[PDB]
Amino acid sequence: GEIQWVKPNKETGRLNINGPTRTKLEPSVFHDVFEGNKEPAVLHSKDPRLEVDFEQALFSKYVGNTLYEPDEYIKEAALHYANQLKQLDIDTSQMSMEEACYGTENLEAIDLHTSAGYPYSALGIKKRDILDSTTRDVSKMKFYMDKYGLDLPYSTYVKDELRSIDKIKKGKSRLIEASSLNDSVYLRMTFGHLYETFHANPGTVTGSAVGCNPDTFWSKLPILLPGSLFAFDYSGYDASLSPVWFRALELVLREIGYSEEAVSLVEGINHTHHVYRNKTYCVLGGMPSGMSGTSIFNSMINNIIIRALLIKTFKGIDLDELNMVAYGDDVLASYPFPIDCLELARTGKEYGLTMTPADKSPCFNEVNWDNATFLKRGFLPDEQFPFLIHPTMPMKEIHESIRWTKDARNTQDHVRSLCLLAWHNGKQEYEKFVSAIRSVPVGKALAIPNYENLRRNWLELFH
């Protein structure tokens, strides 16, 4: 992706979008009980921790575009992924506006506890003023999509979250490109049934792990991904996507049966306008982060990328022997013979993608089940039942999370969630985590799950 132009809001006739300025994070009661390095990301031009210009750092993620139209490798990739999707028989029909707003069994309702985006945000109209879970009326909604249309700008906010020390100094805070309620509705009407299919089928037919539960999905993964594993990291995947990958997505959608009017919505994803504070700007390429289907489309595009990288980099690849799952930019894949990701990464740069080793070292060392990570978690066979696989969140990540809070009223739930993650690293680490928690007054007041109970409940998931 690449910023094509920047204009003042006076010039564009767009109203201003000023997000919050101060972090809601504070040191928790456990801040000094565990070691950690992360702090709240920079949210403001004049944060004293900054060491470069803040806004230059913010938009530096748009590294530019390379290919704009598919080559033979990307077209064979899109078609191969498309035919694979056909076995799911996705309903390419339009979803009812009622179901698109209020949800089905496999589609969650529009989040009514959150902003309605441009222009409703600036005019003080909240989602709850238009939609209502009880009446399920779409009448007010239909009026406002006719009042305001589609293809409305994304509102930009800086994301309030923990970041490493190095990303705070270099102003590398993340951004939220918030969609307008009208566009989430129309995207949900167009692709709602595809979202349903994807949510219900995490695995290697969708090629997507959206909807997976790591507690149970991890045991399936070595079976779904036989043979030699490959994986790597992307730098700023979403923002690095050139328009070729949105063209490629258009071919996948067409081949699985989508009408031309449905497929036309992709150009409105590839070419988007955004308002940050007092300025409008155009972005060509790049997936918007706050869009309906961001996770699924990023995941679908990743299935195209991996396939096209394979057949362009190496001779004699049979794409039918590829197995992979993606959760947006995160990928774990398998092929019957090892795949050299140093060569994949070189082909990647030509497609405008920056790919680095999985182990965060400089060398593309071997990925196997003892060091693979997915959604930040490792794979650890159970000592008693070696076919059941524990997802292992590193204790370093759990330490980082526990040291801070946005609302100390929910300390207990926060700690409980971290204990549901931590015990997979084994009894020794878990009791050492619990003891460290119990070492401060609030820690002695929390209902902490007992290790044996966590293990019992997990075993019972498999019966």
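The numbering used is simple: start at 1 and walk along the sequence shown.
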At least a third of the other compared entries lacking residue 365? yes
Which is higher on mean Cα B factor in this entry, 89 to 97 or 375 to 383? 89 to 97
Mean Cα B-factor check, 308 to 316 vs 101 to 109, entry values; winner is 101 to 109
Go through 321, 329, 350, 183 one by one and give the residue whose Cα B-factor in the PDB entry is largest. 183
Checking the record values for 303, 278, 295, 213, which has the greatest CA B factor? 278
When the modelled residues of the chain are sorted by Cα temperature factor, does residue 161 land in the lowest, middle or highest third? lowest
Tertile call for residue 400 (CA temperature factor, within chain, third-based) is the lowest
Split the chain's modelled residues into thirds by Cα B-factor; is residue 193 in the lowest, middle or highest one? highest
Assert third(CA B-factor, residue 422) within chain per record equals lowest
Third of the chain's Cα B-factor distribution that residue 413 belongs to, per the entry: lowest
